[PDB]
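Lettering follows sequence order; numbering is per chain, from 1.
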Amino acid sequence: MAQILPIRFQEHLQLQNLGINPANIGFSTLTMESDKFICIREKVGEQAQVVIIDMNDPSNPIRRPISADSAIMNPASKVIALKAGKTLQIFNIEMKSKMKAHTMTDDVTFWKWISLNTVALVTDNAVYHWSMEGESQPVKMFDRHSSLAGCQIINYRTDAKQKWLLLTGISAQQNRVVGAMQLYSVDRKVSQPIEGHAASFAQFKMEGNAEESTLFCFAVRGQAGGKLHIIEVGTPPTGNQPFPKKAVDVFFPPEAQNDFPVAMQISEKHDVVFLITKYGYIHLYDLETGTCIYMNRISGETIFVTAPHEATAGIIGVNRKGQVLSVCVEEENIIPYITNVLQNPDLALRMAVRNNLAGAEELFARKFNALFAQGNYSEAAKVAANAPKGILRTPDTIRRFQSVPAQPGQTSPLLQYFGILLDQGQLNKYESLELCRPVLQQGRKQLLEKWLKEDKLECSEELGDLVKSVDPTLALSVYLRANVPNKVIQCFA
Amino acid sequence: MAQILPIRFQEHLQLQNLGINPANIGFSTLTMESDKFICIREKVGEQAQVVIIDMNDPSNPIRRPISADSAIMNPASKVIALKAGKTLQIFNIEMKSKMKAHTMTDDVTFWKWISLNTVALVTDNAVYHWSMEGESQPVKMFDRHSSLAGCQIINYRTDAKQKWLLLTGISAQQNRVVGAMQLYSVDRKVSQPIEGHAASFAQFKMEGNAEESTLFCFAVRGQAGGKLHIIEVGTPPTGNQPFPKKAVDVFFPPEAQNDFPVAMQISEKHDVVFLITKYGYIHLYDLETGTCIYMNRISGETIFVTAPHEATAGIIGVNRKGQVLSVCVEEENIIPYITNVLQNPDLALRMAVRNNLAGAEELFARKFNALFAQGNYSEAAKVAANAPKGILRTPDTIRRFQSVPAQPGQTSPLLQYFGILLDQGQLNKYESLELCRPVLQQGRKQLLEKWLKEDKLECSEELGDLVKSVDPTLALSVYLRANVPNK
Amino acid sequence: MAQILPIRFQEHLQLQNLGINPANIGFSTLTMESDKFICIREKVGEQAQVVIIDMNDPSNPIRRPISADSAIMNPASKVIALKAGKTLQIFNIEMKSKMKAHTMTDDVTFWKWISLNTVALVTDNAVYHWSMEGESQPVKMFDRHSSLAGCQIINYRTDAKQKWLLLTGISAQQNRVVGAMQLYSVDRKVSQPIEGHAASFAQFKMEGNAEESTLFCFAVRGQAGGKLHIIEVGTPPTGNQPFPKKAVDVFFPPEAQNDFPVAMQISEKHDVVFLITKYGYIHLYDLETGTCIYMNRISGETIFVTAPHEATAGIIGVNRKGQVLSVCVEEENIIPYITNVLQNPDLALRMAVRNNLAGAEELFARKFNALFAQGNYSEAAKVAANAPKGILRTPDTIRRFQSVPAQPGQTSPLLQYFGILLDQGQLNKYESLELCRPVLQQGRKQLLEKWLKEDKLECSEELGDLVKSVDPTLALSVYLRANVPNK
């Protein structure tokens with residue numbers, strides 16, 4: 001079967017161990033706006049309170065009597081947004097002060113922090129955005145599209161720049177839980193309906209572009225089965241190649257009778273899409289190609305709320321038992337898993353270099369060595385310059401390139417390689433020495449002077465000693481940047 | 001593949017994020033005597049120090065300049081045992097006082113806390129046990145058997161009662177790593193050699209016995225390949241059926257060229273044996289039958305040290321990258337995984353009831369009605385009394401039992417049932433209302449009292465208003481145990 | 001003047017910033033039993049309290065209403081000893097419980113923790129020692145000698161082993177303060193009077209002995225003037241050369257009219273005696289020779305209480321303004337200061353090697369090079385094995401020894417050097433390789449096996465590759481020790 005675990009499945013806390021009534025671990029009584037806090041609304045006895053679990057010391061909840069139709073914590077600060085029917089309030093739990101309130105005209109039918117300081121109020125007819133800053137009041141962003149009329153609103157998301165907003169609701173239409181999404185463009189004041197169950201946006205800088213694309217990923221299970229779509233949203237930064245829209249199907253086994261997507265979070269650190277189904281299944285898809293990397297079942301109960309897990313760049317959620325679960329890529333097993341279990345070494349090397357992950361060292365040496373025969377020193381050096389965890393940025397790799405003669409005409413494979421590196425970035429101690437040694441003989445001061453200024457060489461006492469052999473004056477410069485001891489400077493006395 | 005994940009796989013820490021030199025993340029510089037601390041010996045600069053990581057706030061190591069050939073922390077307290085060549089020292093990190101020392105005559109060649117307050121010193125010729133308590137000195141327990149001569153000593157274990165001790169060493173044979181264990185009996189002052197790679201002891205109260213057996217499980221990749229053995233050690237408590245020794249083979253895939261067992265820990269909470277191989281593989285075996293439940297690979301690098309993970313009843317270890325990993329049973333997925341992925345409900349139900357594992361309310365709330373719809377109503381009671389999470393401990397059940405076949409000479413199964421629970425512990429509010437009621441219905445305080453003195457009963461206001469018609473002061477107790485208002 | 005500053009001078013806390021009445025910053029109201037707490041007795045309003053400053057978070061005193069003629073905290077734990085006239089009490093501030101009390105028969109005229117759990121009660125006639133442990137009661141240790149009759153008792157000290165006890169008092173005799181000390185021998189139940197102002201004991205292992213001497217250092221400014229004396233106390237451990245008693249004068253400038261010693265603390269980490277005078281002056285003396293290293297004035301007000309500063313191995317005290325000051329050796333400046341400012345390079349190299357301090361690297365190479373040139377290869381290797389911070393423990397040194405042509409019968413200067421190292425401790429990766437290579441080429445693991453068991457070699461993948469040949473299991477363990485990837 002599969003033979004290396006590509007993800008980690010962790011259980012950060014078990015809510016009942018905090019003595020939380022399991023009647024209160026649900027959609028309407030439990031919220032998770034970020035991986036920072038969990039907030040439960042409980043009626044202890046005849047009294048109503050709010051239990052706030054700070055995931056950074058979950059062992060110690062914060063309880064407050066607080067009657068509220070709903071409560072949702074800030075994604076990052078001890079600021080809570082309580083809703084009493086139509087009177088919204090934004091209180092500072094931290095210093096018990098009341099930051100700001102507002103009686104809506106109609107009842108907020110779903111709401112949710114969309115950022116460090118803006119709440120999103122979904123009315124029966126419109127979505128607003130309320131900043132927890134100042135005297136400001138709620139600001140309508142758009143009007144609910146009609147495809148979502150009478151829908152149970154389950155989520156609202158935004159792209160990083162809050163220029164594209166997505167609203168989702170589900171219906172039990174004719175014996176299936178059908179999902180309805182409304183994707184509204186802020187800048188182009190337009191709005192369109194998509195059948196979708198779960199989605200998320202992502203910033204993704206394509207190979208060869210200088211700007212991140214803004215992607216919108218969404219999944220659904222329709223008559224034609226479940227599918228996952230990854231499409232760029234809006235107009236590519238000027239000068240960017242566009243991102244080819246993608247579409248992949250998301251499998252459901254027969255046992256997974258009427259399962260359907262329920263949550264999605266994307267790892268910007270690994271460019272992997274995490275999808276959770278109604279019945280507790282989890283899938284990982286490659287964000288750039290939509291390739292399915294892994295599927296399994298982690299929960300039998302439903303994970304009714306989730307959020308990205310910043311520590312691991314994964315996904316964390318809570319299910320009906322009270323388990324606060326999380327899943328993430330095991331950075332040390334995924335490349336090997338794609339190569340050996342997926343038997344997809346091409347996805348593996350891409351994902352590896354793209355994300356600087358390890359496990360494809362043998363494929364990289366292989367690839368370098370291969371290009372070296374063909375004598376494509378230039379392609380060969382691209383590979384050593386970009387392969388992860390500096391696996392080919394070695395002295396031996398310089399000795400390799402140093403060994404092939406400069407036929408009359410073009411540029412040396414070594415100088416070529418050092419070219420790539422100098423572009424790529426900053427060179428080490430060994431590389432700077434090997435780069436400078438010759439040049440220094442060739443009386444080329446100016447050149448090392450620019451490499452220095454443009455800060456491309458990792459100065460060293462040794463690179464300095466070398467230069468002192470040609471420019472004792474140019475030395476001080478490297479030394480003064482090299483972190484040497486006075487003796488080295490006092491010699492210049 | 002898996003229609004389900006029966007285990008959790010976690011990372012509790014990433015040592016280099018604590019800026020720990022990865023040259024120091026090894027067998028000889030890193031030790032984990034329990035899941036409570038991790039202790040690294042580092043030479044920062046030209047200076048030597050000890051970094052102590054308290055797993056209960058790993059974010060903040062404790063560093064101290066401390067030259068020591070070796071350092072191992074207490075399994076539970078901030079007491080550290082340092083070794084300078086031949087001079088052992090037991091210092092109190094907590095309040096920086098020196099608790100106790102002792103120059104050994106020969107060099108301790110391996111050592112390790114075997115309990116909250118005893119260190120085990122392994123000499124080239126003998127194993128001693130040193131208590132960190134008092135003026136006492138190291139006390140030889142046995143002499144190294146000869147099969148272990150010239151072996152790299154890799155571990156020393158004990159049974160809970162420290163009546164059985166196990167010493168392990170490995171040797172680079174020709175081109176194989178051969179493990180050599182010495183299983184010494186304390187009470188029966190005898191000692192025997194076993195070829196073993198990894199092992200652990202476990203207390204296990206068999207189905208139908210009143211005492212826990214003491215098992216000794218060990219694994220090896222013999223010329224006969226890998227095998228796992230689970231055997232009882234010593235003489236069964238009196239009245240205990242003996243535990244049938246077991247033997248299962250442990251699989252190694254072809255890719256796992258020359259892998260071999262390296263660590264073992266048993267979950268007493270779930271009766272599952274966790275085995276970790278040299279190449280990063282993990283297996284879970286059923287402790288009572290040796291059945292293999294799960295296998296996978298969690299690490300590419302070697303997990304060179306481990307310990308039971310108390311919080312989860314699993315295993316936690318550290319590998320070469322500095323990852324502090326842990327694996328455990330996902331209590332909510334394992335029964336379903338065995339019944340469905342493993343296809344093995346016999347094991348599943350064994351496991352379920354044996355360990356109070358959820359995941360079988362179905363074929364459980366089934367087995368009952370099974371025997372009811374039969375003529376059997378006393379195995380049905382046992383059945384609806386050991387089913388997990390009180391699943392069938394329902395009134396609808398006692399009811400089913402009250403309307404029980406009233407047939408002469410045969411003990412009443414409602415009362416036979418009321419027996420399992422009685423012999424089990426406290427009866428719930430209701431179960432204790434129908435148990436009692438008739439007794440007092442009879443007008444007997446003699447038994448009511450007894451059960452009460454032993455908390456076998458959860459009182460109510462009912463029982464209150466009940467036991468009252470008989471004698472107050474008894475009811476008062478029952479009424480208080482139940483807690484009612486000033487009227 | 002000074003080209004370099006040999007000490008650090010720090011302010012740790014301004015007591016008035018903690019809003020402490022400066023009327024209460026005195027001998028009788030402020031106590032400092034260790035650098036761990038400062039304890040002030042204040043009458044806030046009409047109420048009497050005890051302010052306990054935990055130097056590990058001085059920002060937050062602990063206050064308690066507590067009428068007591070006196071209060072002195074434990075040197076290390078939150079245990080306080082309160083004295084109500086004649087009723088001594090030892091309370092646990094931590095968990096507010098009362099640990100132990102005792103009404104003395106006569107009034108304790110001075111008292112003071114002499115250790116983690118013993119208080120010393122000085123009576124008008126006798127000194128006792130009371131352990132804060134158990135039901136035990138105060139235990140007379142001796143009877144005040146008569147030279148100390150009617151003396152203001154200012155201090156009481158002990159040697160580490162509490163076998164020698166010292167009592168000091170002052171009294172004005174006409175114009176000045178005459179210090180009177182009573183040095184009592186516990187073992188030899190004798191006691192003698194010394195004229196002294198301040199003193200302290202120190203454990204000091206002499207060059208060439210295997211046991212630490214117990215020294216007693218004391219200073220005085222009476223009839224011959226100021227002098228400092230360092231003398232061994234008792235009978236040298238068996239096999240120890242005795243410590244030549246020392247005597248140095250302690251200078252007082254003219255402006256320091258009637259100044260006189262007031263406090264002393266010795267750094268065991270640097271073997272430097274810190275002396276504080278009545279008028280705020282500080283002197284540093286070499287403990288072994290009594291050579292005066294440094295003098296200066298740090299306070300104008302009097303530092304009326306002090307204690308050793310563990311963190312820096314210096315001295316910390318409090319003066320009349322409420323400044324909690326401290327002085328210590330600046331480990332990176334002292335050798336250069338002695339060499340260069342004091343111009344005593346011999347003292348500098350000794351102190352440097354003795355106390356393994358940076359700063360004399362060029363003098364050490366020089367010294368090595370010089371002996372090497374002369375052919376004094378054994379002395380040359382002593383120098384490289386003992387020069388501080390591993391300065392000559394380089395491969396070059398090995399290679400310098402490796403240049404010496406052989407000579408039948410004569411043992412190589414290298415093997416000699418490696419001898420010294422192997423005695424002094426363990427060796428690095430290069431030294432272990434150069435030590436083992438030959439031996440190994442003679443397939444004789446019999447040696448390397450002992451060096452290993454001993455922990456004297458620093459393994460490596462290379463030292464391992466060398467061994468793999470000879471013995472496989474020995475390489476397995478050398479690799480295990482040096483710790484290698486799965487290659």
Quiz prompt | Exercise: do A:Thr214 and A:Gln203 side chains pair donor with acceptor under 3.5 Å | solution = yes
Quiz item: Less than 4.5 Å apart, any side-chain heavy atom of A:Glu288 and any of A:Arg350?
Solution: yes
Exercise. Provide the full list of ring-ring contact (aromatic ring centres under 6.0 Å, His included) pairs with a residue in residues 413-466 of chain A, sequence neighbours left out, each pair given once.
Key: A:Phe401-A:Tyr417
Self-check item: Minimum heavy-atom distance A:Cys328-A:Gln10, with the two atoms named
Solution: SG-NE2, 4.2 Å
Quiz item: Is the closest side-chain heavy-atom distance between A:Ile293 and A:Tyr337 below 4.5 Å?
Solution: yes
Quiz item: In terms of side-chain geometry, is the basic nitrogen of A:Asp271 or A:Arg354 positioned less than 4.0 Å from the acidic oxygen of its partner?
Solution: yes
Quiz prompt | Residue from A:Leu427, A:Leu421, A:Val478 passing side chain to side chain contact (heavy atoms under 4.5 Å, CB included) with A:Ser432 | solution = A:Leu427
Quiz prompt | Other residues, nucleotides, ligands: >12 heavy atoms within 6.0 Å of A:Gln410 CD | solution = no
Exercise. Report the residue from A:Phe243, A:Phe204, A:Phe201 that forms a ring pair (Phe, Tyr, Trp, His ring centres under 6.0 Å) with A:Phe216.
Key: A:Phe201
Quiz item: Is there a donor-acceptor pair under 3.5 Å between the side chain of B:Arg221 and the backbone N or O of B:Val177?
Solution: no
Practice problem: Over all heavy atoms of both residues, which pair between A:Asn355 and A:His270 is shortest? Give the atoms and the distance, please. | Solution: OD1-O, 3.2 Å
Quiz item: So, A:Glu431 and A:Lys456, do they make that salt bridge, N to O below 4.0 Å?
Solution: no
Quiz item: How would you list, by chain and number, every residue that makes a salt bridge (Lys or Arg N to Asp or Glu O under 4.0 Å) with A:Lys227, sequence neighbours excluded?
Solution: A:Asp249
Exercise. Evaluate the side-chain proximity of A:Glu449 to A:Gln446: yes if any heavy-atom separation is below 4.5 Å, no if none is.
Key: yes
Exercise. Indicate, with yes or no, if the rings of A:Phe372 and A:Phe368 have centres closer together than 6.0 Å.
Key: yes
Quiz prompt | Side chains of A:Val250 and A:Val248 in contact at under 4.5 Å (non-hydrogen atoms) | solution = no
Quiz item: Does a side chain donor of either A:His309 or A:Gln265 reach within less than 3.5 Å of an acceptor in the other side chain?
Solution: no
Quiz prompt | Residue pair A:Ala360 / A:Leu349: nearest heavy atoms and the distance that separates them | solution = CB-CD2, 3.8 Å
Quiz item: So B:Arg297 and B:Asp259, salt bridge (charged side-chain N to carboxylate O under 4.0 Å, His left out) or not? Walk me through it.
Solution: CA-CA 12 Å; B:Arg297 179 168 190 186; B:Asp259 201 6; over 6 Å; no
Self-check item: Between A:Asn340 and A:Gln3, a side-chain donor and acceptor under 3.5 Å
Solution: no
Quiz item: Would you call A:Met264 and A:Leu228 a side-chain contact if the rule is heavy atoms closer than 4.5 Å?
Solution: yes
Exercise. For residues 399-423 of chain A, pull every pair meeting salt bridge (charged side-chain N to carboxylate O under 4.0 Å, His left out), keeping only residues two or more places apart or in separate chains.
Key: A:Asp396-A:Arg399
Quiz item: Does the side chain of B:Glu42 come under 3.5 Å of the side chain of B:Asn21 through a donor N or O and an acceptor N or O?
Solution: no
Practice problem: Could you give me the CA-CA distance, side-chain angles and deciding distance for B:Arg320 and A:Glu332, then say whether salt bridge (charged side-chain N to carboxylate O under 4.0 Å, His left out) is met? | Solution: CA-CA 12 Å; B:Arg320 286 194 75 247; A:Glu332 292 281 338; over 6 Å; no
Quiz item: Centroid-to-centroid, A:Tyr285 to A:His283, below 6.0 Å?
Solution: yes
Practice problem: Would you sort out whether A:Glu461 and A:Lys429 count as a salt bridge (charged side-chain N to carboxylate O under 4.0 Å, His left out), showing the intermediate values? | Solution: CA-CA 10 Å; A:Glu461 214 220 295; A:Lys429 236 114 196 242; over 6 Å; no
Quiz item: Got a donor-acceptor contact below 3.5 angstrom from the A:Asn209 side chain to the A:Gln241 backbone?
Solution: yes
Quiz prompt | Any side-chain heavy-atom pair of A:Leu448 and A:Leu457 under 4.5 Å | solution = yes
